[PDB]
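Peer 1: Structure in structure tokens, see below.
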There are 4 protein chains.
Amino acid sequence: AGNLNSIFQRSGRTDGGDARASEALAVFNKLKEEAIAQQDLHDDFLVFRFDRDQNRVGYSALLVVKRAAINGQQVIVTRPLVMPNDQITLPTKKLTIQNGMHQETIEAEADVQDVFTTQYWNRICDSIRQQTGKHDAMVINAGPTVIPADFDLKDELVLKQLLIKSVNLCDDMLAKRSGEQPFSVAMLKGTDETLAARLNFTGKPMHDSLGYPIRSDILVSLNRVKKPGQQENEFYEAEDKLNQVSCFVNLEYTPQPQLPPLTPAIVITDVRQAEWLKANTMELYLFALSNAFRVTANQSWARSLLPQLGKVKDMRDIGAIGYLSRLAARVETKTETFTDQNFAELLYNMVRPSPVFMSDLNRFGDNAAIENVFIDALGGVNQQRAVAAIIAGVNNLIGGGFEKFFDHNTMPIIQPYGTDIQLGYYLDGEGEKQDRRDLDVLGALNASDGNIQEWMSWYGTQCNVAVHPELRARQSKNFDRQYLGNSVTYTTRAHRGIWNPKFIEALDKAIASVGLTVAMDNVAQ
Amino acid sequence: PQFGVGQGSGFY
Amino acid sequence: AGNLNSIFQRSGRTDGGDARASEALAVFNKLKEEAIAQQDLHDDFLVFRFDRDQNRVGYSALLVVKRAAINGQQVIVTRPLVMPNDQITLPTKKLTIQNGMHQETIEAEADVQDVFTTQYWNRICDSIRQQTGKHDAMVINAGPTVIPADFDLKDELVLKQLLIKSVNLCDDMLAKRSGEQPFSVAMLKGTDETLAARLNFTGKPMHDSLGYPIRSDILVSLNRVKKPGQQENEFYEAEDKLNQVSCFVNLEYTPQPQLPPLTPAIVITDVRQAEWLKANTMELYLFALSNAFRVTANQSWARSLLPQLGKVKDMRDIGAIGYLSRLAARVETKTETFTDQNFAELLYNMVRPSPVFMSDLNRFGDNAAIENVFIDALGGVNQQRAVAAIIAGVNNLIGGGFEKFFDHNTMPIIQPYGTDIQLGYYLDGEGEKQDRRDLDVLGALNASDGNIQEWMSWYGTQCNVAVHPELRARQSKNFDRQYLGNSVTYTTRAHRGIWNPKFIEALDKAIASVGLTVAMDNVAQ
Amino acid sequence: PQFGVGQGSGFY
């Protein structure tokens, strides 16, 4: 039946494609042409519609496609843009859950993680070959992403930017397949140049390529490598930035058989190079990750936990920590008698001194071509290859020697966190988009106003991973409706993992050990 | 508990 | 854990056994001794208690055990008597039913069919060896039966009779293992002796070894082989009977792509030898089965369908047949205008002329040692052996030649009917026990008073065997509560199968062909 | 649909 595609597709063309993939193709072709007209985009490539009608996927997508022949092989790099359609329902999957002696099945919709199967990709490749004529071409996966059903398609600015970013990545991957030279400390280490860095206690969120908010408590900014006394580059003005890492810190309530009860879980939510640089490679990513390490290694992250004193509406007010402590009460942090010293004491008794470094990993994110190696490095059939790629990336940064710090085959680079991440946003009182991750441990304690039993039910939902994830997802959504509100939109899900402490030691020390010295701007607190 | 792998490329 | 039985049982004795197996052992030992005292029973054997505590069964039982060494092998024949205990619940089995895309599990109690597993039997054998000392003995299965929880244990008469019948069978099986001579037509065919037979339109039920009613519309009585003019055996008085077969006829509503809609389903419910004969063997059984064939082959079974004219309470009144016919109404059979001719016409239009012969098969019945070969002959791992035993039994009756009528390897002796049989009884208006099988096709039509939709729901329940039997059993029980009443007791379940028309041809013709002529008593209607 | 077999004897 599915093998009749061999007859169905032999000749001719048809009238088809869903309403969103149709509209999306039309706007993306318009944007391509305007970008060429303004000379922002080069006219060396093609945009294609992938149909659920003409070919074998549940979800249609547009394909950002670039090509070159590399050493005789035709190579195509594709960055799919999934187009979910609110009016189209793909048949659901049966989730059978063996609840001890009780067996029950939950049916559920396929998300981009379930949709982007290995065959989904292979079908994308085949269609491109039909559309490009390159039937013997190899196709590079730049990472599928999704442009969600919900918003109006008239945002030409964002859509233009999506094409720009997607072609950037396509050029990188053709280049890196072509053998292009890597990013390294040697390029930064001018004989007359040094690095410096600071922690930004932002007070604001940051936004992905489609404009959705990303939680961050601290933005780590690594300054441009340079030195006073160097030749000024004519009449210029520039931001002195090299890269940045977005992160936040939760306070996880963790077991112990003497440590205090909460863990300073430092979570990377995003990794970006400064906007003036176009390329996106593993070496650039890996180098930037050292920015999160310094958050607790040299500086002190705990300043981010200070309550917004004077602000009534602080949903994550530290005062909530008193509900997990022996007080079983909110600390009065509204008062003129609440001091910096009292804050430090709450933490002395409640929060552990040893930082833990972890990060999100998203196969469908803005950095998916790279996120995918870090995800496969967690485990599975190609873990060894993904790990080899990552250690090679750091060695490219330092000129070898990562191996002088530890054995990557005894110490895999990233461990699973188990509980995965539901992403989404909610609207605040003025209708702005805010990250749903705000109901973190302090957030949830204030949301239940001290009802510890309600908190613990939620907390167990977010921690006990012997419970099938569908059951956990349903309870997590039930809790958002009661505590966050009904104005909640869900977005593409993501993985989380723990960076191996030895990977971290080797990355940070190896860079410092080759002389790429970085000064702290916050010289003392 | 298990890790699925999609069709990644370039690095392998 | 279960292998610790190897330590648990090494030495000593314990205080144990359930209250019913305890009481049952005490009464059965009393009965053994009285039977010896009255000289009815020979003192050559043992009675044993099988415990659910001391050994590996869900249900305790008493064991009727006899032994002899046969050609050097120690042989024990056992007839288990299961003792269900209303106060003891055995953990239930999970019945997972795949209802298309819907999976649901029903938990249910193990019945004697589920309980008497191959290992149940092997455990019975091992305990007997511990109790008899015959550790190298082979044990013959005389067929387990059950003595239900419900009634009071003070019925010494029935219990004595159960021991008597069970030891009879044990002696037969030791004999038949010993090579004892078979029953045959040659033993009946005196040079001066002939057979004769009649159909009894009873107006009453017949009762099993525990006193429960068995449905029968017609009792076929085969008269003792003899002739006037033979020497009279002193001053004697005897019933001139050899054997009998109990049967009933339903009217099944069957499909057709010209035949009338109902099938004359002739069902054997019991097979008995005359009470003066003690042995129970396959040849005796097989010979008696010819009694049912003659019901339609020589005589006419349809007389059993006559309504009990003048009796208001006839739950199976033929008038109901008008609900399945084009009349969609009850035939007025209460009236002085209802005639024999009108009856025949109802049947001419409603009931097919070609009889179908089938029988019940019960592994736990009074004839279980034999029922078991006829059941295994239906199909399964030992079907070929069971069939070989059955054809040998008929050849023993006739001196060979069954094979001159048909190939038993092309025509298996009994086919499955698919829908199995729920057995039980209900109480009538005076509190007497009546067979639940009374709500047959005519019965059910009167019970719903012509509501064909209610009838068809029930009828489909009893015919569509793509439906898991648990679902069917639940609906069958729901229908008895609404239509039969709540005074319904369920008893041991049974199989049904169809006797191959060629088996029947060969049995009847082979006996007649060797000269064992039988006269019909009902020479004309 | 299938036929289970218990531990019958004597005839086999």
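For neighbour counting, all protein chains shown are included, and Cβ atoms are generated from backbone atoms with ideal geometry for every residue, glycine included. Just so it is clear, none of the values below were taken in a lab; they were calculated from the coordinates.
Peer 1: Do the conditions hold for A:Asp360, that is, is it touching a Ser or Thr at 6+ places or on another chain (Cβ under 7 Å), among the charged types (D, E, K, R) and buried (at least 19 other Cβ atoms within 10 Å of the Cβ)?
Peer 2: Working: touching a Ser or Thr at 6+ places or on another chain (Cβ under 7 Å): yes; among the charged types (D, E, K, R): yes; buried (at least 19 other Cβ atoms within 10 Å of the Cβ): yes.
Yes: the conditions hold for A:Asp360.
Peer 1: I would also like to ask the following. Tell me, please, whether a residue that is farther than 17 Å from C:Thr281 by Cβ and either surrounded by fewer than 17 Cβ atoms within 10 Å (Cβ to Cβ) or touching a helix residue (DSSP H, G or I) at 6+ places or on another chain (Cβ under 9 Å) (or both) can be found in the range C:366-374.
Peer 2: no
Peer 1: Does C:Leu63 satisfy the condition of being touching a helix residue (DSSP H, G or I) at 6+ places or on another chain (Cβ under 8 Å) and surrounded by fewer than 19 Cβ atoms within 10 Å (Cβ to Cβ)?
Peer 2: On the way: touching a helix residue (DSSP H, G or I) at 6+ places or on another chain (Cβ under 8 Å): yes; surrounded by fewer than 19 Cβ atoms within 10 Å (Cβ to Cβ): no.
Against the criterion (touching a helix residue (DSSP H, G or I) at 6+ places or on another chain (Cβ under 8 Å) and surrounded by fewer than 19 Cβ atoms within 10 Å (Cβ to Cβ)), C:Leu63 does not qualify.
Peer 1: Pairs, please: C-beta under 6 Å, at least 6 apart or cross-chain, first residue loosely packed, with under 11 Cβ neighbours inside 10 Å and in the range A:226-254, second part of a strand (DSSP E or B)?
Peer 2: From residues that are loosely packed, with under 11 Cβ neighbours inside 10 Å, the pairs are A:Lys227/A:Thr194.
Peer 1: Here is a check on your reading of the model: is A:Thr78 surrounded by fewer than 15 Cβ atoms within 10 Å (Cβ to Cβ) and of a type in the set (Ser, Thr, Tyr)? Give the steps one after another, and end with the answer.
Peer 2: Working: surrounded by fewer than 15 Cβ atoms within 10 Å (Cβ to Cβ): no; of a type in the set (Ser, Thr, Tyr): yes.
When the stated conditions are applied, A:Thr78 does not pass them.
Peer 1: Quickly run through the range A:340-376 and pick out the residues that are under 28 Å from A:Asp407 (Cβ atoms) and in contact with a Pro (Cβ under 7 Å, 6 or more places away or on another chain).
Peer 2: A:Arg352, A:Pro355, A:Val356
Every residue, every condition in (1) under 25 Å from A:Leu423 (Cβ atoms); (2) surrounded by 12 or more Cβ atoms within 10 Å (Cβ to Cβ), yes or no:
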| position | (1), (2) |
| --- | --- |
| A:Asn99 | no, no |
| A:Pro144 | yes, yes |
| A:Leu157 | yes, no |
| A:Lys160 | yes, yes |
| A:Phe183 | no, yes |
| A:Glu193 | no, yes |
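Peer 1: Which residue, of A:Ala292, A:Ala329, A:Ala279, is surrounded by fewer than 20 Cβ atoms within 10 Å (Cβ to Cβ) and closer than 20 Å to A:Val225 by Cβ?
Peer 2: A:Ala279
Peer 1: Still on this structure, please answer the following. Being in contact with a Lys or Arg (Cβ under 8 Å, 6 or more places away or on another chain), within 20 Å of A:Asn367 (Cβ to Cβ) and among the β-branched types (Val, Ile, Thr) is the requirement here; does A:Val158 meet it?
Peer 2: No, not satisfied.
Peer 1: Quick one: which helices (runs of 4 or more DSSP H) sit completely within the range A:299-414 and have at least 3 residues that are in contact with a strand residue (DSSP E or B) (Cβ under 6 Å, 6 or more places away or on another chain) and within 14 Å of chain B (Cβ to nearest Cβ)?
Peer 2: Counting at least 3 such residues, we get A:368-376.
Peer 1: Shifting gears a bit: Suppose the filter is aromatic (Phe, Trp, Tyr) and in contact with a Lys or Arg (Cβ under 7 Å, 6 or more places away or on another chain); does C:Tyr323 pass it?
Peer 2: Values: aromatic (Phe, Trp, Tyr): yes; in contact with a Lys or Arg (Cβ under 7 Å, 6 or more places away or on another chain): yes.
So C:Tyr323 fits the description; yes.
Peer 1: Looking at this structure, is C:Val441 surrounded by 21 or more Cβ atoms within 10 Å (Cβ to Cβ) and within 14 Å of chain D (Cβ to nearest Cβ)?
Peer 2: Numbers: surrounded by 21 or more Cβ atoms within 10 Å (Cβ to Cβ): yes; within 14 Å of chain D (Cβ to nearest Cβ): no.
No.
Peer 1: Something else: Only one of these is in contact with an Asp or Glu (Cβ under 8 Å, 6 or more places away or on another chain), over 30 Å from B:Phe11 (Cβ atoms) and among the β-branched types (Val, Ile, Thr): A:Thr337, A:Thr333, A:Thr281. Name it.
Peer 2: Values: A:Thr337 fails: in contact with an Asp or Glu (Cβ under 8 Å, 6 or more places away or on another chain); A:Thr281 fails: over 30 Å from B:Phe11 (Cβ atoms).
So the residue among A:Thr337, A:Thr333, A:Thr281 that is in contact with an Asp or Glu (Cβ under 8 Å, 6 or more places away or on another chain), over 30 Å from B:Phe11 (Cβ atoms) and among the β-branched types (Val, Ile, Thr) is A:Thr333.
Peer 1: Within the range C:415-426, restricting attention to residues that are more than 14 Å from every other protein chain (Cβ to nearest Cβ) and hydroxyl-bearing (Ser, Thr, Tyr), which residue is nearest to C:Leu361 (Cα to Cα)? Quick ask: steps written out before the conclusion?
Peer 2: Initial filter on the range C:415-426 (more than 14 Å from every other protein chain (Cβ to nearest Cβ)): C:421-426.
Okay, now just the ones that are also hydroxyl-bearing (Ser, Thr, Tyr), so C:425-426.
On the way: C:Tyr425: 18, C:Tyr426: 22 Å.
Ranking the qualifying residues of the range C:415-426, first place goes to C:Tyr425.
Peer 1: One residue is enough: does the range C:40-56 have a residue meeting the conditions more than 28 Å from the chain's Cα centre (by Cα) and part of a strand (DSSP E or B)?
Peer 2: Within the range C:40-56, not a single residue is more than 28 Å from the chain's Cα centre (by Cα) and part of a strand (DSSP E or B).
Peer 1: Cβ contacts < 8 Å: first residue part of a loop (DSSP other than H, G, I, E, B), restricted to the range A:59-76; second residue among the aromatic types (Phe, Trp, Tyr), any location; separation 6+ or different chain. Result?
Peer 2: The qualifying pairs are A:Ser60/A:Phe50.
Peer 1: Turning to a different aspect of this structure: Taking the options A:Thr281, A:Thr269, name whichever one is among the polar types (S, T, N, Q) and more than 20 Å from A:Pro205 (Cβ to Cβ).
Peer 2: A:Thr281
Peer 1: Residue pairs, Cβ under 8 Å, 6 or more apart or interchain, first in the range A:398-422 and within 28 Å of A:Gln113 (Cα to Cα), second in a strand (DSSP E or B) and among the aliphatic types (A, V, I, L, M). List them.
Peer 2: Close Cβ pairs (under 8 Å, with a partner that is in a strand (DSSP E or B) and among the aliphatic types (A, V, I, L, M)) amount to A:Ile414/A:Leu361; A:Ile414/A:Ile498; A:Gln415/A:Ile498; A:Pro416/A:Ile498; A:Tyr417/A:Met358; A:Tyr417/A:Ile498; A:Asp420/A:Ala494; A:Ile421/A:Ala494.
Peer 1: A follow-up question, please. Is at least one residue of the range C:479-489 buried (at least 16 other Cβ atoms within 10 Å of the Cβ), in contact with a strand residue (DSSP E or B) (Cβ under 9 Å, 6 or more places away or on another chain) and over 30 Å from C:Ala186 (Cα atoms)?
Peer 2: Among the residues of the range C:479-489, at least one is buried (at least 16 other Cβ atoms within 10 Å of the Cβ), in contact with a strand residue (DSSP E or B) (Cβ under 9 Å, 6 or more places away or on another chain) and over 30 Å from C:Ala186 (Cα atoms), which makes the answer yes.
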